[PDB]
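What follows is a short report on a single structure.
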Amino acid sequence: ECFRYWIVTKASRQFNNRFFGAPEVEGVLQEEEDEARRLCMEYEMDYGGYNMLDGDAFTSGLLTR
Amino acid sequence: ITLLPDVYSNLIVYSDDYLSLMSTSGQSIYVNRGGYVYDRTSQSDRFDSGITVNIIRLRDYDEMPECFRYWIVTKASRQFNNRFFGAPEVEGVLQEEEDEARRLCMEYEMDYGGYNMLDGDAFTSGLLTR
Amino acid sequence: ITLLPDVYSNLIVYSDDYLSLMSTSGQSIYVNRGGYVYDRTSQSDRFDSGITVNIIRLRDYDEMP
Amino acid sequence: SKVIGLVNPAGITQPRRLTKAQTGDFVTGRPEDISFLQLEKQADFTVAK
Amino acid sequence: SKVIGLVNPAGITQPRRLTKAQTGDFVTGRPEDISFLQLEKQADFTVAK
Amino acid sequence: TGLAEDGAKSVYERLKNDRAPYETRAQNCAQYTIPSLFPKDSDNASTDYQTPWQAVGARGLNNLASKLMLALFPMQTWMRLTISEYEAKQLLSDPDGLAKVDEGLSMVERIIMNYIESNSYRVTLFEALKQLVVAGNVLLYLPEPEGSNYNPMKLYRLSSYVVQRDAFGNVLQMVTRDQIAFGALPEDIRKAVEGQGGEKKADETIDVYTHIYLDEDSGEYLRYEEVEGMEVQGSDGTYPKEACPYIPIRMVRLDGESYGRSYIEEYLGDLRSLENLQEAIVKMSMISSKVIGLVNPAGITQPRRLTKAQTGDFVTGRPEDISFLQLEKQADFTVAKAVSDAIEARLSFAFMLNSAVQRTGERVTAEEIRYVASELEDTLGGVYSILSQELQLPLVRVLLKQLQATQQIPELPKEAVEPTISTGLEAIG
Amino acid sequence: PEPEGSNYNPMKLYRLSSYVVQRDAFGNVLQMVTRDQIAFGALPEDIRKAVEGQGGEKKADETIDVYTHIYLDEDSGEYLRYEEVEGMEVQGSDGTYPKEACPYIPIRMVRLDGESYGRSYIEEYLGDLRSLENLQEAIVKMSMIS
Amino acid sequence: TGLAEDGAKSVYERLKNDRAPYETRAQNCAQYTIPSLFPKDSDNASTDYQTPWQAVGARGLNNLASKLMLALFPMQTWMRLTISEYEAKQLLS
Amino acid sequence: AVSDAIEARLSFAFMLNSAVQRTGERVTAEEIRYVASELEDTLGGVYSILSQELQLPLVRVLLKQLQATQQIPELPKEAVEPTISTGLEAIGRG
């Protein structure tokens, strides 16, 4: 759902740039797209759960003792 | 929370009501294929005995914290003004109003959560044992 | 302040008056689900002997400082 | 001798991620959002001492 | 003692490339994207000590 | 028959539940201090005991045992036998009598020490001291000497043996399990177990329980050894309290507890904090000791040119594009290290780690043993005062009676045959 | 080895790989075997005739393993020593070592109960050793890039 | 002959499996202090033992053995022969 | 900083030279006893442990072999095979 919103708000911004340009609508949708992009990143870090100590390939071998 | 599969079909339904599906552990292994929960690590969408996951589930406009209701309105107010009757004067005010609305909602989130870095913390709690 | 369920139904009502419910100590557990108080941790909307929470209740324009 | 973490509400960082995450866990957030309440009486302490 | 990697969500850098990369591996990113949560109570620590 | 009515194994298994809390603590103290010293019962031959992240505990445990053994058993004579309740007739008159008995008592003491050192008692005693520090208590058993043989004293770990005490503190009953191969069994035991039934191979291991109990009828202590529920005939014997060769020694005594507690347990809650702090410091360095080149995507520089180019090769790019991921926790490192140093210094005086004079000892000296002894009293509590009194004196009593039958005793008047014993510092001079 | 006169008699050292030992929880030795691979020409004369007596031509440079097994006699607590070559006991090599005085001296630096073998002193600090290994390895490698 | 009924060949093989963890520990311990002292069974005559990245283990191992030799086995006497013909009568008579 | 700190722990455990024994150009009984005391301070009690398991049996076997080579003037076996002490008492004259 995080990405589905981002695709729509990215396509919504792309829609008025190309075909029918509304300056104020572009101004807000640019801010909204940045906010939507930020949220999809937080989803990916929450989804990934990447661990620099044990999760990674390199450091995991070092810590084993 | 536990998602139970249909014993005959053996596969769980990943409905659009499920905003987010994440594993309780660090790495999430459940994704959507064809509207059904899919274990990407296992390459199998057939589950037995159910799974334990973390789900964000959609609610109505009601059945929501009051502090969040004004933020939902304030954000929706901005878009509604933007889409139909875009007036720069009211648009600037609502942007300031939305920023305050988000500030209060985060203030609600910390108040509701009551998160403790010493004892509520997963890692630090084990360290404090003496 | 305590919220008492109906004796037969064993359900508490999350009325529109209640502006917020939070647990006394921390990590508030009671949330609204279908208009009734729901305990997300225990996954049960049926309570007995009541619950103790911190309630913000609506007041008129008067009765305010 | 009291720890209070002052989370800036305008910030992106959320304590739920920080507390649930294990050691060495990548968490989405910004360091300036997290701050700690401190006693500012440095000048008063040195005169009193 | 606990290590938490605070990744700026607006940043280019993604934790997946950081973890999977071996030692001495070029990874697309920016240093300012990645930060670590630190306990800033220094005045409190020195007065309490 | 009193306590022996249930048997030797039934009472032993019944008393395991009380021993279990002490075993859990002893394992915890080992985990932070030389984990190989007290191993878990399940673990065997493939354990690969993990070293603790902090090294203060392993260093401190060795230091305490080394310092104790120096004071507990110096190279010089540490036992003095004195005569009382008849010295009135011996001190006032008969100058020649005092000189004769003093030489005779000196003869017993030196012979006693030659038996200690020639029989390798010291090497076993040092092992007990290390086990006393990490574990609650140890049982030391002195088997009878037969003819001219080298018979090391047998130490039993806390897991191997059990002992029961009341609130008064005297020993009610104690049971010991011992694992011996069938081929290694003595003649008496092997013939009895064969009479039980079946054929036992040499490698086969069986358990023997030696129950020492206080019968209600008399104050004597009776001991019997049983194999698979049947007692061997030659094991039965009656020993007095003072002469029992089964010596349970507790370092830290608590009223109402049959077992002592380890010295380290009071600091175990502190080594736990030190280990966690040192664990993070090394793990932070492991993150730091990793090279990741963060290439700025908006930059011109491309890593393909940098890697393919030889040394001193002109490559198109900009220096700001290339950057390296670094651990930012500089402030957290110094606060964690600062607390760790404070804990280490706190543990340093607790474990007698820092002592300038004690560091350099060229030879054993009479005053040095006293100086080592005094420090064990100023700090560390009164373990020397108590543990040695529970250790040194019973060893002198039990060994004296065992050797007295074997050794020849000259004509000694009245109490000279059984002199009062002083141990520790009070026998040095 | 036995003095065998005034001839030079060096001590023979067996690495843990070469030999084997079995012990009880009592700490005493039940049985123990040492493996020795020696060239046919270098075989002792008693071993040489036994290999020749066994049958089959052997090249001089070819090495034949020899096993010396000492075990407790179940009837009497006395060590019994014999050597076998190619699964055949050497004739006349059998001997009864005096009780608890066999020339083999199995040595364990660290003694653990219920364990037939012993553990090194390094394994107590092997972890701090390997952690230093990882840190110094990265320090050198970073200097290589620079 | 129960212990030797299988022969030294078989008894060596089964009991060798017991020491398999111990030779693994020695090889791992040697790998970090000095790879030459305890070499594996497979490698021979072409081993090229890589040096440890830290020399503390190598420096310590040689020092530890030397210190033991000086105290345990010096040129001076290191066994004492104490004569007791009787437990107490030897000095008396 | 961490690697140097780890080196300190290993240096003490392995008794890395701190002029404790490197100083001096002669070997004396006093220095041997100094090392013997040091070997008990660290390393647990391996100096004692090896004394029982290595130093003691090695003397016993050679005592038997040397008994055949040199006939002890005193016939009794106790004089022939005296009790053996291999501890710190052996170091030094007595």
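Backbone-built Cβ (ideal geometry, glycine too); neighbour counts: all protein chains shown. Readers should treat all values here as calculations from the given coordinates under stated rules, not as data from a laboratory.
Explain nothing, just the number: relative contact order of chain H, from Cα pairs under 8 Å at least 6 residues apart, as a whole percent. Write out the running numbers ahead of the final one.
Values: 32 pairs, mean separation 16.2, N = 93.
Worked out over chain H, it gives 17 percent.
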| In order through segment B:92-102: 3J(HN,Hα) via Karplus (6.51 cos²θ - 1.76 cosθ + 1.60), integer Hz, x for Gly, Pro | x, 5, 5, 5, 5, 5, 5, 5, 5, 4, 5
| What angle do you read, to the nearest 10 degrees and between 0 and 90, between the alpha-carbon axis of helix F:383-406 and the longest principal axis of chain F? | 40 degrees
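Taking the highest mean first, how do the peptides F:228-236, F:325-333 order by number of other beta carbon atoms within 10 angstrom per residue? Let's see the in-between values first.
Numbers: F:228-236: 13.7, F:325-333: 17.9.
Going by the mean number of other Cβ atoms within 10 Å, highest first, we get F:325-333, F:228-236.
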| request: Compute the distance in nm between two label points, each set 7 Å from the Cα along the Cα-to-Cβ direction, one at B:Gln43 and one at F:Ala331. | output: 4.9 nm
| What is the distance in Å between the Cα centres of chain D and segment I:45-94? | 70 Å
| field | Net charge contributed by nearby residues that have their C-beta within less than 15 Å of F:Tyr371 (K/R +1, D/E -1) | value | -2
| note | Low-density loop trypsin sites (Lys or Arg not before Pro), segment F:173-258, at most 14 other Cβ within 10 Å, DSSP non-H/G/I/E/B, are F:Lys201, F:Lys241
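I'd like the projected area of segment C:12-65, averaged over all directions, using the convex hull of its alpha carbons. Report it in nm² with one decimal.
Details: hull surface 18.5 nm².
Taking a quarter of the hull surface, the average projection is 4.6 nm².
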| request: Starting from the amide H of F:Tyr209, placed 1.01 Å from N in the peptide plane, find each other amide H under 5 Å away whose residue is 5 or more places distant or on another chain. | output: F:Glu226
| query | Taking the highest mean first, how do the peptides G:80-87, F:361-368, F:70-77 order by number of other beta carbon atoms within 10 angstrom per residue? | reply | F:70-77, G:80-87, F:361-368
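How much net charge surrounds H:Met69 when only other residues with a Cβ under 14 Å from its Cβ are counted (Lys, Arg +1; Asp, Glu -1)?
Working: positive: H:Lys67; negative: I:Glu31, I:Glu38.
So the environment of H:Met69 carries a net charge of -1.
Could you tally the net charge around A:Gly49, taking each other residue with its Cβ under 13 Å from the Cβ of A:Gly49, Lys/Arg +1 and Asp/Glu -1? Don't jump to the answer; show the numbers that get you there.
Values: positive: D:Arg17, D:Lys20, E:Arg16; negative: A:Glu42, A:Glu44, A:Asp46, A:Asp54, A:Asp56, D:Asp25.
Around A:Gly49, the surrounding residues sum to -3.
Of the cross-linked pairs F:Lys154/F:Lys241; F:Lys401/I:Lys77; F:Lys40/F:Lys337; E:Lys20/G:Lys141; F:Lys9/H:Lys16; A:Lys10/F:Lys290, which ones have a Cα-Cα span greater than 28 Å in the structure shown?
Numbers: F:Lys154/F:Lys241 19 Å; F:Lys401/I:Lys77 26 Å; F:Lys40/F:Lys337 32 Å; E:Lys20/G:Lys141 19 Å; F:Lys9/H:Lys16 34 Å; A:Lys10/F:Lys290 38 Å.
Long pairs (Cα-Cα over 28 Å): F:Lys40/F:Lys337; F:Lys9/H:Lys16; A:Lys10/F:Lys290.
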| Cα-Cα separations in segment F:1-141 greater than 23 Å, expressed as whole percent | 60 percent
| So in the protein assembly as shown, what percent of DSSP beta bridges are antiparallel if you round to the nearest 5? | 95 percent
| remark: Computed over segment G:92-146, the convex hull of the Cα set has an average projected area, in nm², of 7.8 nm²
| query | What FRET efficiency, computed as 1/(1 + (r/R0)^6) with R0 = 51 Å and r the Cβ-Cβ distance, is obtained for B:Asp62 and D:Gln38, rounded to the nearest 0.05? | reply | 0.75
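Please identify the trypsin sites (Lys or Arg not before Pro) of segment G:45-77 that satisfy two criteria: DSSP loop assignment and at most 10 other Cβ atoms within 10 Å. Which are they?
Numbers: sites: G:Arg48, G:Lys49, G:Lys58, G:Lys59; in loops: G:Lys58, G:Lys59.
Those that pass, being in a loop and sparsely packed, are G:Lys59.
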| request: Any chance you could give the angle, 0 to 90 degrees and rounded to 10, that helix H:56-72 forms with the longest Cα principal axis of chain H? | output: 20 degrees
| query | In degrees from 0 to 90, rounded to the nearest 10, what is the angle of the helix F:16-32 Cα long axis to the longest principal axis of chain F? | reply | 50 degrees
| task | For the protein assembly as shown, state the average projected area of the convex hull of the C-alpha atoms over all orientations, rounded to one decimal in nm². | result | 70.2 nm²
| request: Rank the residues F:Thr24, G:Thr34 as a footprinting-exposure proxy: fewest other Cβ atoms within 10 Å of their Cβ go first. | output: F:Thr24, G:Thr34
| task | Under a cut-off of 20 Å between alpha-carbon atoms, report the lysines in cross-link reach of F:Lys100, not counting same-chain residues fewer than 8 places apart. | result | F:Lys89, F:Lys414, H:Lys89
| remark: The answer for C:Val13, listing residues at least 5 apart or on another chain whose modeled amide H is closer than 5 Å to its amide H, is C:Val37
| Whole-Hz ³J(HN,Hα) from phi, Karplus 6.51 cos²θ - 1.76 cosθ + 1.60, for segment C:6-19, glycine and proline x | 5, 5, 7, 7, 6, 10, 9, 9, 8, 5, 5, 5, 5, 6
| message | Give the average, rounded to an integer, of partner chain Cβ atoms located within 10 angstrom of each Cβ in F:122-135. | response | 3
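Beyond 15 Å, how much of the Cα-Cα pair distribution for chain E remains, as a whole percent?
Numbers: 688 of 1176 pairs.
Value for chain E (Cα pairs over 15 Å): 59 percent.
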| Can you list residues whose amide H is under 5 Å from B:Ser20's amide H, if they're 5+ apart or on another chain and H is modeled 1.01 Å from N? | B:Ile56
| said: Taking just the alpha-carbon atoms of chain I, what radius of gyration and Dmax come out, in angstrom? | reply: 19.1, 68
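Quick one: plug the Kirkwood hydrodynamic radius of chain F (C-alpha pairs) into Stokes-Einstein at 10 °C, 1.306 mPa s, and report D in µm²/s.
Details: Rh = 26.1 Å.
D = 61 µm²/s.
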| field | Rg in Å to one decimal, and Dmax rounded to a whole Å, for chain B via C-alpha atoms | value | 20.8, 64
